[PDB]
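A.B. asks: Starting off with a structure, shown below.
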Amino acid sequence: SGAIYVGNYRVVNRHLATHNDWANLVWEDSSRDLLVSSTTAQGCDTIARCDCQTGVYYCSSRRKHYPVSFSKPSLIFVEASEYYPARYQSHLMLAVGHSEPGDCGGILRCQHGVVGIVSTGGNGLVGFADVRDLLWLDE
Ligand SMILES: NC(=O)[C@H]1CCCN(C(=O)Cc2cccc3ccoc23)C1
Ligand SMILES: [Zn+2]
């Protein structure tokens, strides 16, 4: 659970996208686990345009927001799931922090805005799919 609503766009983990996200598809990328679908209402989330490596993310499995240091967007091996075969996911940032599979979609934020959303995790780590490079979300 969890999405980013900026202007006329809904941003979700592609593996959790609904039929409505696919029937109103703008852009999707399985290598990033992202899908952006069109919306009728005007979303008000601000996207960060920055190179921050510290922030706060929401963890639904603990009902808690946690401060985290995270890595720079990169290609990281992600083990095979029911949604994807074993592959490298690009634009992924790791942090030391608790996460569980239902945590996908939890927003990562810094002082500048929305950085990305929980997409992977395990073993005391949490991986976030970055969205700061997607400049078309604001235009
Ligand atoms: N991006 C992917 O390919 C995902 C697809 C769903 C499964 N993936 C996970 O990482 C499961 C998982 C385990 C343990 C903690 C967490 C936190 C978020 O997912 C967690 C990989
Ligand atoms: Zn920032």
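We name chains A, B, ... following the order of the structure tokens; residues begin at 1 in each chain, and ligands are numbered from 1 as shown.
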Identify, on the basis of only C-alpha atoms, every residue whose closest approach to residue 62 of chain A does not exceed 10 Å; exclude the query and any residue fewer than 6 positions from it along the same chain; express the result as a PyMOL selection string.
C.D. replies: chain A and resi 98-100+103
A.B. asks: Keeping only N, CA and C atoms, write those residues as a CSV table (one decimal), in the first residue's frame.
C.D. replies:
chain,number,residue,atom,x,y,z
A,98,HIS,N,14.1,-1.3,9.3
A,98,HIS,CA,13.1,-2.4,9.2
A,98,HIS,C,12.1,-2.2,8.1
A,99,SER,N,11.7,-3.3,7.4
A,99,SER,CA,10.7,-3.3,6.4
A,99,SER,C,10.2,-4.8,6.2
A,100,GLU,N,9.0,-4.9,5.7
A,100,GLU,CA,8.3,-6.2,5.5
A,100,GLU,C,7.6,-6.1,4.1
A,103,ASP,N,5.2,-3.3,3.2
A,103,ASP,CA,5.7,-2.0,3.4
A,103,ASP,C,5.9,-1.2,2.1
A.B. asks: Ligand 1: which residues are within 6 Å, counting only C-alpha atoms and all ligand atoms? Reply as number ranges by chain.
C.D. replies: A: 33, 81, 99-101, 103-104, 118-122
A.B. asks: Next, write the just-selected residues to a file, as a compact mmCIF listing (two decimals), in the first residue's frame, keeping N, CA, C and O atoms as the atom set.
C.D. replies:
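Produced file result.txt, reproduced below:
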# COMPACT_ATOMS: atom_id res chain seq x y z
N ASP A 33 10.42 -1.03 -10.98
CA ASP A 33 9.24 -1.38 -10.22
C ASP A 33 8.37 -0.12 -10.14
O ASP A 33 7.82 0.15 -9.08
N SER A 81 10.89 -13.14 -7.19
CA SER A 81 9.62 -13.06 -6.46
C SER A 81 8.46 -13.62 -7.34
O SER A 81 8.69 -14.08 -8.47
N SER A 99 11.71 -3.27 7.44
CA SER A 99 10.71 -3.32 6.40
C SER A 99 10.20 -4.75 6.24
O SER A 99 10.90 -5.71 6.56
N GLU A 100 8.99 -4.88 5.74
CA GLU A 100 8.31 -6.15 5.49
C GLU A 100 7.63 -6.05 4.10
O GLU A 100 7.51 -4.93 3.60
N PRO A 101 7.22 -7.16 3.42
CA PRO A 101 6.66 -7.02 2.05
C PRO A 101 5.44 -6.09 1.90
O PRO A 101 5.31 -5.42 0.88
N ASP A 103 5.20 -3.32 3.21
CA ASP A 103 5.70 -1.96 3.38
C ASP A 103 5.90 -1.21 2.09
O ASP A 103 5.94 0.01 2.13
N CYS A 104 5.95 -1.91 0.93
CA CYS A 104 6.04 -1.30 -0.40
C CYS A 104 5.06 -0.15 -0.61
O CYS A 104 3.89 -0.30 -0.29
N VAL A 118 9.27 2.78 -0.86
CA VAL A 118 9.73 1.42 -0.51
C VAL A 118 9.36 0.46 -1.64
O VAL A 118 8.23 0.48 -2.14
N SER A 119 10.33 -0.33 -2.10
CA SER A 119 10.13 -1.25 -3.20
C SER A 119 10.77 -2.59 -2.90
O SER A 119 10.32 -3.58 -3.47
N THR A 120 11.87 -2.63 -2.10
CA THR A 120 12.53 -3.89 -1.68
C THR A 120 12.93 -3.77 -0.19
O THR A 120 12.78 -2.70 0.37
N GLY A 121 13.45 -4.84 0.41
CA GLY A 121 13.91 -4.87 1.79
C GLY A 121 14.26 -6.27 2.26
O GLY A 121 14.13 -7.23 1.49
N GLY A 122 14.67 -6.41 3.52
CA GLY A 122 15.02 -7.72 4.09
C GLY A 122 16.37 -7.73 4.79
O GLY A 122 17.23 -6.92 4.45
A.B. asks: DSSP says helix (DSSP H, G or I) for which residues of segment 11-122 of chain A? Put them as a PyMOL selection string?
C.D. replies: chain A and resi 14-16+19-23+101-103
A.B. asks: Which residues are near ligand 2 - at most 8 Å, using only C-alpha atoms and all ligand atoms? Format: as a VMD selection string.
C.D. replies: chain A and resid 48 to 53 55 109 to 115
A.B. asks: Those same residues, written as a tab-separated table (two decimals), in the first residue's frame with N, CA and C atoms?
C.D. replies:
chain	number	residue	atom	x	y	z
A	48	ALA	N	11.03	16.02	-4.56
A	48	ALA	CA	12.36	16.55	-4.29
A	48	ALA	C	13.19	16.49	-5.59
A	49	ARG	N	13.99	17.51	-5.85
A	49	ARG	CA	14.89	17.56	-6.99
A	49	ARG	C	16.24	17.86	-6.31
A	50	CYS	N	16.99	16.80	-5.92
A	50	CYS	CA	18.16	16.98	-5.08
A	50	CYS	C	19.06	15.72	-5.04
A	51	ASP	N	20.20	15.77	-4.33
A	51	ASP	CA	21.05	14.59	-4.15
A	51	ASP	C	21.18	14.23	-2.66
A	52	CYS	N	20.09	14.37	-1.90
A	52	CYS	CA	20.07	14.05	-0.48
A	52	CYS	C	20.38	12.60	-0.22
A	53	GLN	N	21.04	12.31	0.87
A	53	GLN	CA	21.29	10.94	1.29
A	53	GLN	C	20.86	10.64	2.69
A	55	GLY	N	17.03	11.15	5.15
A	55	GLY	CA	15.60	11.37	5.04
A	55	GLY	C	14.83	10.59	6.08
A	109	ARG	N	11.04	10.70	2.30
A	109	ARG	CA	11.00	12.15	2.16
A	109	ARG	C	12.24	12.76	2.83
A	110	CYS	N	12.70	13.89	2.28
A	110	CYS	CA	13.77	14.72	2.84
A	110	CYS	C	13.19	16.16	2.94
A	111	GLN	N	13.98	17.16	3.37
A	111	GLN	CA	13.48	18.53	3.50
A	111	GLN	C	12.93	19.09	2.18
A	112	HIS	N	13.47	18.60	1.03
A	112	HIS	CA	13.18	19.03	-0.34
A	112	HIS	C	11.89	18.48	-0.92
A	113	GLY	N	11.39	17.38	-0.37
A	113	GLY	CA	10.17	16.77	-0.88
A	113	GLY	C	10.18	15.27	-0.88
A	114	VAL	N	9.40	14.68	-1.79
A	114	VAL	CA	9.30	13.24	-1.94
A	114	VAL	C	10.51	12.69	-2.72
A	115	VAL	N	11.22	11.74	-2.13
A	115	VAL	CA	12.40	11.15	-2.73
A	115	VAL	C	12.04	9.88	-3.55
A.B. asks: Would you mind reading off the distance between atom CA of residue 69 of chain A and atom CA of residue 91 of chain A, one decimal, in Å?
C.D. replies: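 Atom CA of residue 91 of chain A lies 16.0 Å from atom CA of residue 69 of chain A.
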A.B. asks: Run DSSP on the backbone and tell me which residues of chain A come out as strand (DSSP E); list them as a PyMOL selection string.
C.D. replies: chain A and resi 4-13+25-29+34-44+54-59+64-69+74-78+87-96+107-110+113-122+125-130
A.B. asks: Looking at only C-alpha atoms, which of A:128, A:134, A:30, A:116 is the one that sits closest to residue 87 of chain A?
C.D. replies: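 When distances to residue 87 of chain A are compared using only C-alpha atoms, the smallest one comes from A:30.
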A.B. asks: Quick one: residues within 8 Å of residue 73 of chain A, only C-alpha atoms, excluding same-chain residues fewer than 4 positions away - as a list in words?
C.D. replies: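 So, after excluding close chain neighbours, the residues are residues 90, 91, 92, 93 and 130 of chain A.
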A.B. asks: Write to file, as a PDB file, in the first residue's frame, the residues of the selection just made, with N, CA, C and O atoms.
C.D. replies:
ATOM      1  N   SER A  90      17.100  -1.153 -11.229  1.00  0.00           N
ATOM      2  CA  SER A  90      17.843   0.104 -11.350  1.00  0.00           C
ATOM      3  C   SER A  90      17.169   1.236 -10.576  1.00  0.00           C
ATOM      4  O   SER A  90      15.983   1.129 -10.238  1.00  0.00           O
ATOM      5  N   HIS A  91      17.937   2.303 -10.270  1.00  0.00           N
ATOM      6  CA  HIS A  91      17.464   3.467  -9.536  1.00  0.00           C
ATOM      7  C   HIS A  91      17.039   3.101  -8.106  1.00  0.00           C
ATOM      8  O   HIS A  91      16.132   3.710  -7.562  1.00  0.00           O
ATOM      9  N   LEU A  92      17.668   2.067  -7.516  1.00  0.00           N
ATOM     10  CA  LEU A  92      17.298   1.591  -6.173  1.00  0.00           C
ATOM     11  C   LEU A  92      18.254   2.122  -5.114  1.00  0.00           C
ATOM     12  O   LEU A  92      19.474   2.070  -5.317  1.00  0.00           O
ATOM     13  N   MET A  93      17.710   2.625  -3.971  1.00  0.00           N
ATOM     14  CA  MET A  93      18.569   3.156  -2.905  1.00  0.00           C
ATOM     15  C   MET A  93      18.395   2.378  -1.615  1.00  0.00           C
ATOM     16  O   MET A  93      17.269   2.273  -1.141  1.00  0.00           O
ATOM     17  N   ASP A 130      13.769   5.347  -6.512  1.00  0.00           N
ATOM     18  CA  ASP A 130      13.892   6.800  -6.645  1.00  0.00           C
ATOM     19  C   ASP A 130      13.008   7.364  -7.747  1.00  0.00           C
ATOM     20  O   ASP A 130      12.765   6.676  -8.740  1.00  0.00           O
TER      21      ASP A 130
END
A.B. asks: Measuring between only C-alpha atoms, which one of A:129, A:59, A:16, A:11 shows the shortest distance to residue 75 of chain A?
C.D. replies: A:129
A.B. asks: Using only C-alpha atoms, find the one residue out of A:105, A:138, A:82, A:54 that sits nearest to residue 117 of chain A.
C.D. replies: A:105
